[PDB]
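All Cβ positions, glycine included, derive from the backbone under ideal geometry; neighbour counts span all protein chains shown. What follows is calculated from the coordinates using simple rules that are stated; it is not laboratory data.
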Amino acid sequence: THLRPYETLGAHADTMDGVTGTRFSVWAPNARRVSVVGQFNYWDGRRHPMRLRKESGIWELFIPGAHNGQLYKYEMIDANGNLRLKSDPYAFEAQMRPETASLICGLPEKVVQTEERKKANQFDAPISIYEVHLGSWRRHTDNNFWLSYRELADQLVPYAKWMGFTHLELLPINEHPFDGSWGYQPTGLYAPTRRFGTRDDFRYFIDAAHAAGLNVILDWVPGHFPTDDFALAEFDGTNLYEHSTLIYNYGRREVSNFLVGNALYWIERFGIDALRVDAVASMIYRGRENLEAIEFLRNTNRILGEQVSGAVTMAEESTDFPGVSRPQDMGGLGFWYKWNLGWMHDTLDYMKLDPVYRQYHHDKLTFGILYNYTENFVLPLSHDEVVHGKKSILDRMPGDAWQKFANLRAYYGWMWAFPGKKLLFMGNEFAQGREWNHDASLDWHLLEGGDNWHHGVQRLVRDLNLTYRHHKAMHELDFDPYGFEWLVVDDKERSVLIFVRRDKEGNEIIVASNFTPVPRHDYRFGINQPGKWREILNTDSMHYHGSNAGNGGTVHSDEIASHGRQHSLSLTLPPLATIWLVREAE
Ligand SMILES: OC[C@H]1O[C@@H]2O[C@H]3[C@H](O)[C@@H](O)[C@@H](O[C@H]4[C@H](O)[C@@H](O)[C@@H](O[C@H]5[C@H](O)[C@@H](O)[C@@H](O[C@H]6[C@H](O)[C@@H](O)[C@@H](O[C@H]7[C@H](O)[C@@H](O)[C@@H](O[C@H]8[C@H](O)[C@@H](O)[C@@H](O[C@H]9[C@H](O)[C@@H](O)[C@@H](O[C@H]1[C@H](O)[C@H]2O)O[C@@H]9CO)O[C@@H]8CO)O[C@@H]7CO)O[C@@H]6CO)O[C@@H]5CO)O[C@@H]4CO)O[C@@H]3CO
């Protein structure tokens, strides 16, 4: 089968006549002479040469004795007669850095995707994603050492679960030489990085997240050609993998296979539930449409949908290509979800404003609804927004510290109610003050000592996650106009916005935000479902170090017309706060 080349190519365990060893395979159409230099070979390129079969362009050889755990490389004479030693491109495990040898290990057992994890990826599911860079989430304190995959299984997984997230999204765990690329500049697509342990350690981590009831999304980097360690370029002396600045030759059948293969591998051999492709614009552009890139993405998506249904793909595309998360049969790219960068830009510009000026930019909060139904959106507060002098999310907020925290609380309240799934970068849940530093631990010291405003934000994010998951109105109909309706879309003067989220049964949750520090008392607005209403979420609660203003129990609607509706509520709206209300059955 052509889809799963990692099941044949590379180093696997084989049984050629009683004797055991490993069979090596490499694809290099126009090289001449390739030998296998391992640990079993005293590292001698005279002892073990490979026999090429020219129909496929694949060299191969079976070596008895050669067992799992042994380092190895390929010694190749390239088209030009140069001696270069190459890493196996299908290295399933790579030796500790510097170094670049591959390790014989073979494949892990296939992971079957469970019904409850497939359900967890569906469009009607509450999806709240904790985005993490494994190298900088936590460190050991005395020595500043990385946490291993296994320590991450014992600390990060329980933390994410308790905080009420449904998904853990990982910056690329591909093998990569430079910590500073964050994993986006890989050298070994099929080996999880050795920074945190072995490939079996990574697998234990994935297993642990699943046992805790978490789906795992992996950042997958099919758009960043390896540019380090002569790892993939001019692989056999010619432009094997890359186009004739370095970029994959997607239209070339085998290359495409190498990449679609890689997706299938993470999902099938590691149990990953979803992949995210960054920087899609620079795959499809940079009239300038790279037609081979567009068809490759269309293809890969088609194949995953047929082969591993239940798994999903997500995309970040920054030029408004139409139909990124739409079906290929139409103009689409075939992704299930798209990052809503426009929403992130508009709402942050809005929150940055001195509250006194927000009346003039009401547009920034109401625009998201206009194009909400063109893509299946994730609302993202990602690692890219908290580096390079962009500041932390907290530090973007205006005012003295206490006003900053209140603005940030009100904003999360808004984000968690607004149509679209949720993604939050580590550090944001406890309002880290400093920018993200991939070479240090996050600022957990902020949570040391007596209860403070950072604990307050952290409780709020948990309550938001648990509330968002419990009520279907908040998540069931994000991508259906029936799921959302403005109750007060034009109170610009006071910067009060009020809408309703709705589930399939037609139950409504009312969402109200007051984006200025003026408290509003007896604020009357029209509603759709008369009766008794009660707060289920209040970002000004003392439980989060707010001032504890609010409605103080059940409020009954009145038969007094408002905003073209026949019944209304008259509520207190706390300053710099958002509240959610539910209707009580009688
Ligand atoms: O081709 C690209 C699309 O965008 C282009 O839109 C341009 C406008 O035509 C142009 O006038 C101008 O608009 C800007 C405007 O000047 C600013 O003031 C501001 O608008 C704000 C507005 O003032 C606020 O009130 C608020 O709007 C909310 C609205 O008040 C509220 O009721 C609700 O709206 C829903 C309606 O209740 C309901 O009727 C329905 O309306 C549908 C429509 O019936 C249906 O045909 C649907 O199908 C298409 C649509 O026709 C297309 O036009 C397409 O948009 C493109 C335009 O053609 C471009 O010209 O979108 C739909 C595809 O799904 O369109 C309507 C939307 O469903 O549903 C409404 C939505 O629920 O919610 C709104 C939103 O909160 O907020 C506004 C602040 O953003 O901003 C305008 C943008 O600049 O410039 C536009 C250029 O982008």
_Out of everything in segment 362-377 that is assigned to a loop (DSSP other than H, G, I, E, B) and more than 6 Å from the ligand (Cβ to nearest atom), what residue ends up being surrounded by the fewest Cβ atoms within 10 Å (Cβ to Cβ)?_
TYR371
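Is it fair to say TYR350 is within 16 Å of the ligand (Cβ to nearest atom) and either under 30 Å from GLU306 (Cα atoms) or assigned to a loop (DSSP other than H, G, I, E, B) (or both)? Lay out the reasoning, then the answer.
On the way: within 16 Å of the ligand (Cβ to nearest atom): yes; either under 30 Å from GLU306 (Cα atoms) or assigned to a loop (DSSP other than H, G, I, E, B) (or both): no.
Against the criterion (within 16 Å of the ligand (Cβ to nearest atom) and either under 30 Å from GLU306 (Cα atoms) or assigned to a loop (DSSP other than H, G, I, E, B) (or both)), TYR350 does not qualify.
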*Among the numbered conditions (1) over 20 Å from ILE173 (Cα atoms); (2) outside any loop (DSSP other than H, G, I, E, B); (3) under 16 Å from the mean Cα position of the chain (by Cα), tell me where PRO126 comes up short.*
(2)
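Checking the condition within 22 Å of the chain's Cα centre (by Cα) and under 27 Å from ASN538 (Cα atoms), which residue from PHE377, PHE367, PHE405, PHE335 passes?
Details: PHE367 fails: within 22 Å of the chain's Cα centre (by Cα); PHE405 fails: within 22 Å of the chain's Cα centre (by Cα); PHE335 fails: under 27 Å from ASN538 (Cα atoms).
None of the others qualify; the one that does is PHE377.
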*Show the residue pairs that are 6+ apart or on different chains and have beta-carbon atoms under 8 Å apart, the first residue being within segment 358-369 and closer than 14 Å to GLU493 by Cβ, the second being among the aromatic types (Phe, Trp, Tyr) and more than 7 Å from the ligand (Cβ to nearest atom).*
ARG358/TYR350; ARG358/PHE515; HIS361/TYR350
*Please give the number of the condition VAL356 fails out of (1) closer than 22 Å to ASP219 by Cα; (2) away from the ligand (no atom under 16 Å from the Cβ).*
(1)
*If we keep just the residues of segment 488-537 that are within 11 Å of the ligand (Cβ to nearest atom) and closer than 19 Å to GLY420 by Cβ, which is surrounded by the fewest Cβ atoms within 10 Å (Cβ to Cβ)?*
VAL489
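Have a look at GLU116, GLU75 and point out the one that is out of contact with any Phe, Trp or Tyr (no Cβ under 8 Å at 6 or more places or on another chain), surrounded by fewer than 21 Cβ atoms within 10 Å (Cβ to Cβ) and not in a loop (DSSP other than H, G, I, E, B).
Numbers: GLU75 fails: surrounded by fewer than 21 Cβ atoms within 10 Å (Cβ to Cβ).
Checking each option against the conditions leaves just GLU116.
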*asked:* For segment 383-419, give me each residue that is in contact with a strand residue (DSSP E or B) (Cβ under 7 Å, 6 or more places away or on another chain), surrounded by fewer than 23 Cβ atoms within 10 Å (Cβ to Cβ) and over 18 Å from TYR544 (Cβ atoms).
replied: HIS383
*When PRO177 is evaluated against the numbered criteria (1) part of a strand (DSSP E or B); (2) more than 19 Å from the chain's Cα centre (by Cα), which criterion, by number, is the only one it fails?*
(1)
*When segment 445-461 is examined, which residues are found to be exposed (fewer than 15 other Cβ atoms within 10 Å of the Cβ) and either within 16 Å of the ligand (Cβ to nearest atom) or assigned to a helix (DSSP H, G or I) (or both)?*
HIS445, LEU447
